[PDB]
């Protein structure tokens, strides 16, 4: 498994730098195993993509479970906790964030992986904290939704990293911006 894990870390780095296009040969060389070993563990580029999205999401969920709390809590409290966890994770593990973002907006994630990934987070039970637009987006435009979220989260991380004196402000502003985006609803004449 030692070998498989080194491969996952190498794929993370490769995709972080070059996206889904990253070569299987380069991943294997940067693991220090020939490309055949790689295709033994993962039988396809797709199977690897999916396994890596899940491995990375598990890593995220691990960093959170330390401070995980009960569902009877404000949806904004829970969502801010998730967002702060994510930002901390991306700052500590930039390649992990970059890779996972690439994976998320790939059109390559099986529904099985999507269900496993929902089930890493009991928290993804919307309970209409979301607006009507975004519940509609979750059905029809889920990748675009995640894309937008990760865009806001990455902008947050980049500014925090560039100017940590203001990190908390940025994390706050970014959070509110995504929260309004996710939660604010139509106001009519």
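Positions refer to the first chain, counted from 1.
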May I ask you to compare 55 to 63 and 124 to 132 by their mean CA B factor in the entry and name the higher one?
124 to 132
Report the stretch with the higher mean CA temperature factor, choosing between 24 to 32 and 150 to 158 on the basis of the entry.
24 to 32
Reading the B-factor column for Cα atoms of 102, 73, 84, 92, the highest value belongs to 73
Third of the chain, ranked by Cα B-factor, where residue 163 sits
lowest
Going by what the PDB entry lists, where does residue 108 fall on CA B-factor within its chain: lowest, middle or highest third?
middle
By the record's CA B-factor, is residue 138 among the lowest, middle or highest third of residues in the chain?
lowest
Chain-relative C-alpha B factor for residue 189 (record values, thirds): the highest
